[PDB]
Structures are given as C-alpha cells and as structure tokens.
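Next up: just one chain, as structure tokens, the form deposited in one PDB entry.
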C-alpha cells in the first residue's frame, strides 16, 4: 500500500501538488535542508522520480537503540567516576544557561525526581509529526531516560548523578516503544535540536547558533542509536548541525563490527565505543570508534521514578556527551563563547574534539578504543589552560 520516502528537491520546481495528485501526502517539509518526507502508494514511486524538481528519492531506513539490560541515597555509578566527572563540578556542573544537550532517543520520564529539574524541553518527532505534548514526549521504552540520566541526573541525596548533573536537556523522541526508529524521524529530531523550542535556527540572523545566548539551539546532539544505511538527506542534516557549531556524538554499535554504524560513522560525528570496569573494550563494541567510554553495567535513571542497569555503546555515548557539555560550559563560563567542534584528525586544544582526543586515557589512536577513554577533569583543564 502506502510507503514513506524522502525526496531531495529543487524548491524552484518541486510542485507538492504533484504528489497529492498521485494519491500521496506531504508528511514533513525540512526547514534546513531542501528535502521533503512523503507518503505515496508504492506502485506510484516511479512517477515520483519523474516529477519536476525531484533530484533523489530515498526509502525510509531503520535505526535502533543500542542499550540492553544487564542481568536509595545517592550512588555515583562507576562510569561517572571512571570518566573523572566529579572533580569538575566545583568549576561547573554544566549549569551555564546557554548550554543545552539534545538527546534523540525513546523519550524521557520527564517528571522523574532525579531528572525533572534538568528537563528543559521535551518533544516527539515520531511518525513525522512534531509534537510538544507531554504524553507524546514520554519514554515508553526506558532507554532514553537511562541515557539522559548518565548525562544529567541531579546531584542530590537520591538516585544517581550524571556527568554534567547541572546541564539542561532537550529530550527528542525519535524512537518508538520498541526502540526502533525511522531515519526520517531521526533527521527531523536533529532539525528540531537545531531549531529549538522557538522553532527558528538563528533568530537574530547573526550566523551564530550553538553558543549564542540569543538562541535556544542545543550545543550537543547525542544519538545512542545506529543503522547500516547511509542516506543523503540524513547526512545533509548531520552537516547542518555540524555547521551550526553543534557537537554530535553517536554510539558505535553493538555487533562487534569492524567500523561504526551510522550516524557514528560520519566524519562530522564522534563515534563512541564501550569499555568495562576492567578497561577492556567490550567484545560487542563496533570497532574504529573515535573515543571510548563506560558502557557495561551502567546504573542510571529508568521509568518510572526508578533505576536500572544497562549495557551497550548507547551507554558509553552519554558519558562522552556529558564531557562535551562540561568543556563547553567551562569554556563559556571563563570566556564568553564556546569551542569549535573540530575533526577526527584534530590534536589541538583549540577544538572540542581536539581536547577529547589528547586528554583521552590511551590504553595515538587505535581501532579498538579509538584515541582512548574520555577524562572530563583533564579535558576541562586543557580547555581552560
């Protein structure tokens, strides 16, 4: 019957009425890339390629969550210590106002007493519809609430504590109750993380997005999820985020493969591998990460008002995203600006990725651990030194 497809277009010639004309509909018009999500009867896709202004028709691929379960006063999970976050908190817990982290995942238990105060914005992109309603944005799986707690669980007398326990979180639900998500919804969730709550990327028109107090963009997009497919419009959204000054962090994958899933495999994205508490790379961790982090036996928040232990590269990812939030929060607190994102290759202290690379606890890049295990305390020293 009806398939979902993503059309790359020339906006001067693409007439959307041509798709309604063949029994299709417009699902979502991207604001930041020239592309549109459409539903068409499957036997009419051939007619789509043929319309004026249609440059490419791509099918809607599937990505999936990358965390799975391991089988009272406040605990500091072993991974938060390993990554050397508690030492940083006298400088910053990430609570500097221009800083937000967007977590594209299964949603969040937004009224969880260890999370709520840091939940700044809650949205859903599922099924190509942007929803800002609470029932839509709530986590129906648990995995997002877990990823989120590793980043930002409160420092208090309950539960757990995240890497950056003061940072504002934008929860962006791009994955359903089963942890499965379409590339379409994930590209839309990324656009939303750039647009933010006011729906405009660059409201004052000055060319600054991430790190501009006049805007409400996130500064980190964290994606603990992956698929085998490399689609154009998705990689275009990645570049829009990258160009806006957003650091993008994604899980390597859990199939013990030689290279990362997507989007972790894009040059603009920090691929993240998983270690255990013995500083062994997990066997499941996809190889050639950029950096690695705690991803086995990770205790964190879980629905509802509860706590759970999970494992996977999905768990390693938010430790890195939390480190990035500390670097950017410390740098903005001292200077009144953030660092550039940087590249895989980078070994300077002038770039977030540069700092991640050279402060990593290398156990010189390798195909197992990447540059090594991120260390917040040392990264924040490099950023400020």
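Positions refer to the first chain, counted from 1.
The next section is about a form of this same protein that is not shown, the form solved in complex with a partner chain.
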Residue 232 within 4.5 Å of its partner chain in the deposited bound form, heavy atoms: yes
4.5 angstroms heavy atom contact with its partner chain in the deposited bound form for residue 227: yes
Residue 112, heavy atom within 4.5 angstroms of its partner chain in the deposited bound form: no
Contact label in the deposited bound form: residue 183 to its partner chain, heavy atom within 4.5 Å: yes
Joint contact, 192, 201 and 253 to its partner chain in the deposited bound form, by non-hydrogen atom at 4.5 Å: yes
In the deposited bound form, the one of 236, 279, 214, 81 near its partner chain [non-hydrogen atom within 4.5 angstroms]: 236
Listed residue (102, 298, 148, 175) with a non-hydrogen atom within 4.5 angstroms of its partner chain in the deposited bound form: 175
Listed range touching its partner chain, judged in the deposited bound form by heavy atoms within 4.5 Å, from 154-162, 92-100, 193-201, 214-222: 193-201
